[PDB]
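Below you'll find only one chain, the form deposited in one PDB entry, shown as structure tokens.
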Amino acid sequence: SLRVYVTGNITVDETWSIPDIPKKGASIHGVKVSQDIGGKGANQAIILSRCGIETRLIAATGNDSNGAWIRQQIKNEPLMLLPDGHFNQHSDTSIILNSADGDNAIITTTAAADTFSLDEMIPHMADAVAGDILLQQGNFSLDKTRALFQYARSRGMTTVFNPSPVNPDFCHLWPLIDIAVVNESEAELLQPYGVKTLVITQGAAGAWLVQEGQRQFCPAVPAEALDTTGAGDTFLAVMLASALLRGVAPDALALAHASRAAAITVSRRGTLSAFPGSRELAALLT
């Protein structure tokens, strides 16, 4: 019965296949092979909703084709996307998949998130109550991010923070955070301190649960790294859902469930079509 409010972003990740990245002045032919709903905010909110946690995703969409697509595709998930309607412009990433070329090149836009204001968001947490969670990633400016956590604090909400993309100035918000989820680089760069619950993820190398002075390690679940997209979002969402469903603060079992869920995501390609499904989640959380 505790609910989760996620204030972050939502995008369209477009996978384009090309022989090689074109040089300036060049013009080539390519293939728009696929599109998937993306964004750390949306991925985390969607997976949380699939675990049976009543979740509200507060993110902005624009008035373009990708916007309508997002609003249409999100209806397939047991999540509520606020606000309805839209703004203008539109977050998404073009994933340039080359041929002989090794790694992909990524170009990402953030206009919708950068413009989404506090007066647009706060109203959608009007029905929040003490105990409810405000989950935030690193898609907003320091001022907006800090302001949202202060709002949560003034309502008695629990604050969860996953500072990714990283922002050096995020190292000042720790006092406003109840639960921190960071990967290795983030843990060393932001130096989270005094956070009552600290989780440090290290990919296929497992994760650490830290803070009642106690340090606990949870190995990753062996898996075929076919596509790691959203592995971190999966881990965070399931860890939180597990703790919520059992009525406790994140613990060792929460991390074990999360590792198991992330293992599924890594084994499948894409986002929504790769993440564990509601029944798969029900089974592992059991």
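In this text, residue numbers run from 1 along the sequence as written. If you superpose the two forms and keep the largest set of C-alpha atoms that fall within 1.5 Å, you have the rigid core.
The same protein also has a form deposited in another entry, omitted here; what follows describes it.
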query	finding
Candidates 183, 167, 159, 93 - which moves between the shown form and the other one, C-alpha at least 2 Å, core fixed	93
Flag for residue 147, CA shift 2 Å or larger between the shown form and the other one after aligning core	no
Cα displacement of residue 35 between the shown form and the other one reaching 2 Å, rigid core superposed	yes
Core-aligned C-alpha movement of residue 17 between the shown form and the other one, 2 Å or more	yes
